[PDB]
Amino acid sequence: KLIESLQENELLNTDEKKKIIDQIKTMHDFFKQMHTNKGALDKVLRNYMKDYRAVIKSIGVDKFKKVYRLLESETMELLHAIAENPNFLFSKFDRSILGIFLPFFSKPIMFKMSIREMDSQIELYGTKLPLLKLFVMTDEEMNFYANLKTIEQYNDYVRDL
């Protein structure tokens, strides 16, 4: 669907790259703080949810804590992927990896959501992520990124979906 991004993206300059990395790190700590801190989780639900009231009854902190345990894990794997393979996060298109975590981190996104939306999103994440091993690179994948040279190859590599 997003061939738009895949039609004008350029390379990521040193600073734009770090910008992405710090963002992943900030979320990773946030996620850890939700399931590790009880005050933290309740405090975030009161300020992000449009209706904190109904969320604790319909969904409960117990289910939220679950995804966050799994969110912290995934943010960790991606972070290592990034470390072990410099060129992972080559262009601006890769900023799309962030879209996996934003729905549980951004205040605007979660405030606009509804109860039902949140419930199924949490259920969905809980089912796909565990058995989805995202960000776990293979030698073949590593080798590839190791060789990347231009946005041209990359763009076709991804254009090839």
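Residue numbers run from 1 along the displayed sequence.
When the C-alpha B-factors of 129-137 and 91-99 are averaged, 129-137 comes out higher.
Looking at mean Cα B-factors across 151-159 and 1-9, the upper value is held by 1-9. Per the PDB record, residue ranking by Cα B-factor puts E123 in the middle third of the chain. The entry lists a Cα temperature factor for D62 that places it in the highest third of the chain's modelled residues. Split the chain's modelled residues into thirds by C-alpha temperature factor. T36 is in the middle one.
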